[PDB]
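Understanding the architecture of this molecule
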Amino acid sequence: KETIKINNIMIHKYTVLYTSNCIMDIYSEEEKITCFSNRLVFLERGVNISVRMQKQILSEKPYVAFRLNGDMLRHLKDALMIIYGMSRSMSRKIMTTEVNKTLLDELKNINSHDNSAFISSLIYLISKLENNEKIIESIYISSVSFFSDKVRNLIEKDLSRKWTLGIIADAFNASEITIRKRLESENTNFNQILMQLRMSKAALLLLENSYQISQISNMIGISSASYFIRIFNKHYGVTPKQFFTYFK
Amino acid sequence: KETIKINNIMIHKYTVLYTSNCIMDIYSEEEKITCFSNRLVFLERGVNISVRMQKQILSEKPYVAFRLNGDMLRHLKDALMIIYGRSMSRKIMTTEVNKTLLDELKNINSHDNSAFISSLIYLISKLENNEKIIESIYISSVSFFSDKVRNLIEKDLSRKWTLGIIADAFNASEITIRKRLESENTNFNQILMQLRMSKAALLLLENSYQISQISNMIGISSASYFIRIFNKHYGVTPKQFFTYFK
Ligand SMILES: CCCCCCCCCC(=O)O
Ligand SMILES: CCCCCCCCCC(=O)O
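Residues numbered from 1 in each chain as written, not as in the entry; some residues may be left out. Chains lettered and ligands numbered in written order. Heavy atoms only, no water.

For this deposited structure, the header cites X-ray crystallography as the method used and 3.00 Å as the resolution.

Residue and element names in this part refer to chain B. Most of strand β2 (residues 14-18) is tucked away: 5 of the 5 residues are buried. Judged by which residues are buried, β2 turns out to be covered on both faces: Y14, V16 and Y18 on one side and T15 and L17 on the other are all buried. In this sheet, strand β7 (residues 64-68) lies alongside β2 in antiparallel orientation, the contact comprising 5 bridges. For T15, the partnering residue across the bridge sits in β7 and is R67. One ladder, built from 4 bridges, connects β2 with strand β5 (residues 39-43); its direction is antiparallel. Looking at β5, one finds that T15 is bridged to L43. (Buried < 20%, exposed > 50% of the residue type's maximum accessible area, 1.4 Å probe, protein only. Helix = DSSP H or I, 4+ residues; strand = E, 2+ residues; numbered from the N terminus. Pairing = 2+ DSSP bridges.)

We now examine the site of ligand 2. All names here are of chain B. All residues in the neighbourhood of ligand 2 are listed as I9, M10, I11, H12, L17, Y63, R67, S198 and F245. Contacts to ligand 2 include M10, whose backbone N or O atom sits 2.7 Å from an oxygen atom. Side-chain polar atom of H12 to an oxygen atom of ligand 2: 2.5 Å apart, as the coordinates give it. Protein contacts shield 90% of the accessible area of ligand 2, which totals 390 Å² for the unbound molecule. For the shell around ligand 2, the residue count by class is 6 nonpolar, 2 polar and 1 charged. (Near = heavy atom within 4 Å. Polar contact = N/O pair within 3.5 Å; in protein donor to acceptor, adjacent residues only side chain to side chain. Areas by Shrake-Rupley, 256 points an atom, 1.4 Å probe, with all protein chains shown as cover. Nonpolar A, V, L, I, M, F, W, Y, C, P; charged D, E, K, R; others polar.)

Take the side chain of A:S138 next. Within the secondary structure layout, A:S138 lies in helix α4 (residues 133-141). If we ignore the near neighbours within four places in the chain, the residues touching A:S138 are A:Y14, A:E44, A:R92 and A:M95. (Contact = heavy atoms within 4.5 Å.)

Shown next as structure tokens:
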């Protein structure tokens with residue numbers, strides 16, 4: 001089957017996706033968005049979504065994706081609040097567009113080496129999109145640091161340690177209630193943050209195609225490679241082997 | 001004869017010039033740059049240059065020019081020093097505009113200022129040896145005392161200005177102001193003459209004001225006197241200037 005359903009995908013970096021040969025339904029919050037043959041998808045950081053996906057060509061990769069790390073996105077926010085001025089709807093969180101001739105050829109000669117060239121390519125592209133406010137919005141919203149973000153970074157400093165709400169609540173000078181309700185006010189909780197951190201790191205590493213599963217288990221902090229396969233399958237709704245075979 | 005010599009052109013706004021159909025020799029300071037057919041020219045604000053320029057097709061305009069006012073240049077400076085972190089070769093720069101970047105310049109509609117700053121930033125991103133430009137955009141984006149003097153003069157171009165009026169406006173003595181302007185390699189009569197003569201050139205290109213109106217507007221009694229001053233300064237008469245650029 002050239003179709004795959006992947007669950008609980010949480011986007012940890014602002015992501016721009018280009019459906020190189022796939023078609024995709026994005027569910028997330030009891031909603032749904034379709035992304036057709038040749039479109040661009042701008043995914044706000046922090047969303048949690050599920051995906052149903054159709055390959056066009058079976059022998060090829062599903063899509064092509066660009067992810068903006070924390071710095072780059074801070075910069076894009078600043079430059080955007082200089083170029084346009086300074087100032088809850090899943091349709092204001094995930095946006096598809098029709099990639100034009102000039103915007104496409106621009107996407108061609110994008111070499112993600114000169115980071116400034118990338119920020120500029122991205123700004124010019126943003127300038128050449130209609131109804132573009134809703135994208136500007138999602139880039140500033142997802143460009144602020146939340147408390148779940150402080151927790152996320154403290155966990156990433158050593159992904160494999162055995163974390164508890166007790167260690168985070170010691171790190172931050174407050175009690176476990178403080179942390180469970182601040183994280184609850186962000187529509188998440190700590191066991192889920194840890195789970196999302198390990199499962200994304202595992203997916204990406206599995207796509208690198210140069211690590212045994214047991215190593216990836218160890219890298220994210222999971223004893224058994226078979227135990228890791230169970231957790232991955234339960235979370236994403238596919239086994240690492242099928243995920244890998246669909247994405248290679 | 002479709003070649004023209006224009007002297008003492010003083011750039012009050014960061015200028016990007018595209019020799020749409022002309023060839024041009026630029027004399028900054030005892031130095032010289034030639035700009036071939038289809039090139040871009042980045043002119044640092046505050047430079048004073050002289051130009052000898054030859055049209056390709058005569059029934060058309062010489063070039064196409066973009067001038068960035070203070071707001072826009074401040075926004076460009078800020079945005080540029082977020083995205084990236086005395087030499088007439090760092091003040092006037094010509095480059096080769098590629099095919100694709102040329103089409104980019106085409107679909108430039110200077111209405112959405114955000115779209116224009118974006119087009120400008122993408123262009124700057126697509127230039128080799130472009131460091132020399134970012135510097136000149138920051139170099140020319142700070143406020144000098146000649147600038148404070150310029151803004152006071154521009155608030156009412158037609159008054160009869162002297163050093164005495166400026167030295168009362170700013171709390172200092174005429175020596176203070178002549179020497180603060182001196183360390184900027186200018187003087188007040190030059191500042192005033194350059195405002196009036198630039199404003200006169202631009203207005204003459206607008207094709208909608210009698211010469212007497214332009215004279216009256218810049219602060220010059222006579223229209224025949226203004227024509228004399230213009231010819232003496234620019235090296236052409238307003239009529240020859242207009243007929244060359246229309
Ligand atoms: C779009 C379907 C692919 C599965 C998602 C892989 C990891 C999500 C990316 C991220 O963590 O930033
Ligand atoms: C190279 C073309 C120059 C001819 C006209 C110059 C008048 C503009 C003066 C200015 O921008 O401050």
